[PDB]
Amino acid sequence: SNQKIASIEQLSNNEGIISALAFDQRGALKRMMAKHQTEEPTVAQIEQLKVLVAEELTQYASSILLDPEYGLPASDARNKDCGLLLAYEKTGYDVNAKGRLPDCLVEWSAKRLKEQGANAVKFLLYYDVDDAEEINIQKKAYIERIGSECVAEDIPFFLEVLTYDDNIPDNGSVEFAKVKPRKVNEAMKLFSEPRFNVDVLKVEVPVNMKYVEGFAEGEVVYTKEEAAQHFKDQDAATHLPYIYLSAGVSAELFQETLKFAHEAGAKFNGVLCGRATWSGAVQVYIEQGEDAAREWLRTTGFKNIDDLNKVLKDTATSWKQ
């Protein structure tokens, strides 16, 4: 739709590519900040940090993903051409309870996110194509609600899917590394159905690079030809725009992953780059002060995102294809 079209435009760069900078972390940002004090850090500090990354980096990113809990200040503080995505999900899951069931931050509607200047709504779903139906019917129902909400509100709905298995507790394990292709791919095929009214898929690379021939410094799980195929399968697995999420892999492995994707023939439409662009500034902020972090950002930070945008320009494909 036109307004949906207009809105996704504000989140992409000149070549038609989404280059959002992810900074919607909450409980996780506190943890990282903990380490340098290590004592509980203030809401004030946490907002302030985001504001800095906002202020200093938004000029080089085509958009930013921030959270309504602490990111509203930083989102006022953002740049002009930059654009904006707002996280709608409650963070984490229940360690006690089964299913990592989805749940919107209780003081928010799609309507409230739109009135706050957001160009898209994002929502993180933990899904597992093999979990019980009683689990997945809920997760499904939920997404239909957001799917529907957003349509009435004329605002892009970006679905983030993270994959998991109760059987396979540990994520980067060899055992899970075998099933990731199915788990990721299959989720996309499902949530590509029109009844979810999804606009862009936010997803992980369909393999775990750390076990790809020519990348692994331990056990290999797929040969390059194999893994190239899994990317192709992923490209084909949806007909909607998709972007890759870094998911705490490094600035440089992720850079290398894009070129790899591209060369397998994956026509992906951009990225969403998080911990791996700004993370060095957390330390420099706590240990060494405000203008100290402002420095890192204008050098180590800008380099990281430049390097990224340059790789992206050679690798990604415009979302309008």
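In case it trips you up, residue 1 is the first one in the sequence shown, and so on.
Mean C-alpha B factor from the entry: is it higher for 154-162 or for 67-75?
Taking the mean B-factor of the alpha carbons in each, 67-75 is higher.
Quick check on the record: does 181-189 or 92-100 carry the larger mean Cα temperature factor?
According to the PDB entry, the answer is 92-100.
Out of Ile137, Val200, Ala216, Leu86, whose C-alpha atom has the biggest B factor in the entry?
So the option with the highest C-alpha B-factor is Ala216.
Ordered by C-alpha B-factor within the chain, which third holds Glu256? Give me lowest, middle or highest, please.
Its C-alpha B-factor, which the entry lists for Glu256, ranks in the lowest third among residues of this chain.
Among modelled residues of the same chain, the CA temperature factor third for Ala118:
For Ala118, whose C-alpha B-factor we compare with every modelled residue in the chain, the answer is the lowest third.
Within this chain's modelled residues, let me know which third the CA B factor of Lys80 belongs to: lowest, middle or highest.
According to the entry, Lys80 has a C-alpha B-factor in the chain's highest third.
Relative C-alpha B-factor of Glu175, binned into the chain's lowest, middle or highest third:
Highest third - that is where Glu175 ends up once the chain's C-alpha B-factors are sorted.
Which third of the chain does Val220 land in by C-alpha B-factor: lowest, middle or highest?
Highest third - that is where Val220 ends up once the chain's C-alpha B-factors are sorted.
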